[PDB]
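Comments concern the structure below.
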Amino acid sequence: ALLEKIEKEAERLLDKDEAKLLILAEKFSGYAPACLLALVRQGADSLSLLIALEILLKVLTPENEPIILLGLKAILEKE
């Protein structure tokens with residue numbers, strides 16, 4: 001259920017600073033899944049994604065295991 005709402009709200013997060021999106025995940029843990037999704041849709045930097053990956057892991061629900069899959073795969077495209 002939430003897996004489809006974290007998809008929608010991240011579209012509303014697609015128009016924000018990468019740094020700001022990192023603080024949103026850090027301070028608002030419930031926004032962390034949508035942040036990482038919005039960060040890969042923006043195609044952010046590897047470090048930017050690794051930070052959001054951390055903020056998401058510490059509060060990771062099994063429904064966000066796909067959000068991890070895309071995150072890792074997007075991070076991989078670096079070297």
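Just remember, in the structure tokens the first chain shown is A, the second B, etc., residues are 1-based per chain, and ligands are 1-based in the order shown.
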
Query raised in the report: Which neighbours of residue A:77 fall inside 12 Å, counting only C-alpha atoms, when residues of the same chain fewer than 3 positions from it are skipped, and could you give them as an MDAnalysis selection string?
Result: chainID A and resid 40 43:47 49 70:74

**Report entry** Pick from A:35, A:10, A:75, A:25 nearest to residue A:58, counting only C-alpha atoms
**Finding:** A:25

Query raised in the report: When DSSP works through the backbone of this structure, what residues of stretch 42-75 of chain A end up as helix (DSSP H, G or I), shown as a VMD selection string?
Result: chain A and resid 46 to 57 62 to 75

Who sits within 10 Å of residue A:24, only C-alpha atoms, same chain under 5 positions skipped, as a PDB file with N, CA, C and O atoms, in the first residue's frame:
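The resulting out.pdb:
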```pdb
ATOM      1  N   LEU A  13       8.754  15.353  -4.538  1.00  0.00           N
ATOM      2  CA  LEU A  13      10.095  15.657  -4.058  1.00  0.00           C
ATOM      3  C   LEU A  13      11.110  15.794  -5.181  1.00  0.00           C
ATOM      4  O   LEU A  13      12.261  16.162  -4.916  1.00  0.00           O
ATOM      5  N   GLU A  18      19.253  18.275  -3.673  1.00  0.00           N
ATOM      6  CA  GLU A  18      19.778  16.989  -3.223  1.00  0.00           C
ATOM      7  C   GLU A  18      20.152  17.038  -1.749  1.00  0.00           C
ATOM      8  O   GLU A  18      19.771  16.158  -0.970  1.00  0.00           O
ATOM      9  N   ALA A  19      20.911  18.064  -1.354  1.00  0.00           N
ATOM     10  CA  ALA A  19      21.218  18.259   0.058  1.00  0.00           C
ATOM     11  C   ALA A  19      19.942  18.321   0.882  1.00  0.00           C
ATOM     12  O   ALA A  19      19.789  17.588   1.864  1.00  0.00           O
ATOM     13  N   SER A  29      12.221  10.493   9.089  1.00  0.00           N
ATOM     14  CA  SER A  29      12.593   9.142   8.680  1.00  0.00           C
ATOM     15  C   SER A  29      11.567   8.531   7.735  1.00  0.00           C
ATOM     16  O   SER A  29      11.932   7.743   6.855  1.00  0.00           O
ATOM     17  N   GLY A  30      10.288   8.871   7.899  1.00  0.00           N
ATOM     18  CA  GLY A  30       9.267   8.360   7.001  1.00  0.00           C
ATOM     19  C   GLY A  30       9.418   8.835   5.572  1.00  0.00           C
ATOM     20  O   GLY A  30       8.944   8.163   4.650  1.00  0.00           O
ATOM     21  N   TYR A  31      10.067   9.983   5.365  1.00  0.00           N
ATOM     22  CA  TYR A  31      10.338  10.487   4.026  1.00  0.00           C
ATOM     23  C   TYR A  31      11.577   9.866   3.396  1.00  0.00           C
ATOM     24  O   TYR A  31      11.802  10.062   2.196  1.00  0.00           O
ATOM     25  N   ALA A  32      12.375   9.128   4.167  1.00  0.00           N
ATOM     26  CA  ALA A  32      13.593   8.534   3.623  1.00  0.00           C
ATOM     27  C   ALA A  32      13.353   7.615   2.427  1.00  0.00           C
ATOM     28  O   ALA A  32      14.136   7.695   1.466  1.00  0.00           O
ATOM     29  N   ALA A  34      10.922   7.717   0.085  1.00  0.00           N
ATOM     30  CA  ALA A  34      10.597   8.563  -1.058  1.00  0.00           C
ATOM     31  C   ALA A  34      11.788   9.409  -1.488  1.00  0.00           C
ATOM     32  O   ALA A  34      11.923   9.727  -2.675  1.00  0.00           O
ATOM     33  N   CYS A  35      12.660   9.779  -0.549  1.00  0.00           N
ATOM     34  CA  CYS A  35      13.826  10.583  -0.902  1.00  0.00           C
ATOM     35  C   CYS A  35      14.770   9.808  -1.813  1.00  0.00           C
ATOM     36  O   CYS A  35      15.148  10.291  -2.886  1.00  0.00           O
ATOM     37  N   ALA A  52      21.734   8.839   1.322  1.00  0.00           N
ATOM     38  CA  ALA A  52      20.323   8.477   1.413  1.00  0.00           C
ATOM     39  C   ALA A  52      20.139   6.985   1.653  1.00  0.00           C
ATOM     40  O   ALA A  52      19.191   6.578   2.335  1.00  0.00           O
ATOM     41  N   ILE A  55      20.502   6.612   5.403  1.00  0.00           N
ATOM     42  CA  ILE A  55      19.352   7.116   6.146  1.00  0.00           C
ATOM     43  C   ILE A  55      18.155   6.190   5.987  1.00  0.00           C
ATOM     44  O   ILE A  55      17.305   6.096   6.881  1.00  0.00           O
TER      45      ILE A  55
END
```

**Report entry** Spatial neighbours of stretch 61-67 of chain A, max dist 8 Å, only C-alpha atoms, sep filter under 6 positions, as number ranges by chain
**Finding:** A: 2-3, 33, 36-37

Query raised in the report: Given the choices A:79, A:54, A:7, A:26, which gets closest to residue A:41 if the distance is worked out from only C-alpha atoms?
Result: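 Among the listed residues, the smallest separation from residue A:41 belongs to A:7.
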
**Report entry** Nearest to residue A:20, chosen from A:38, A:1, A:6, A:60, with only C-alpha atoms counted in the distances
**Finding:**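 Nearest candidate to residue A:20 out of A:38, A:1, A:6, A:60: A:38.
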
Report summary line: In Å and to one decimal, atom CA of residue A:21 is distant from atom CA of residue A:76 by 20.5 Å
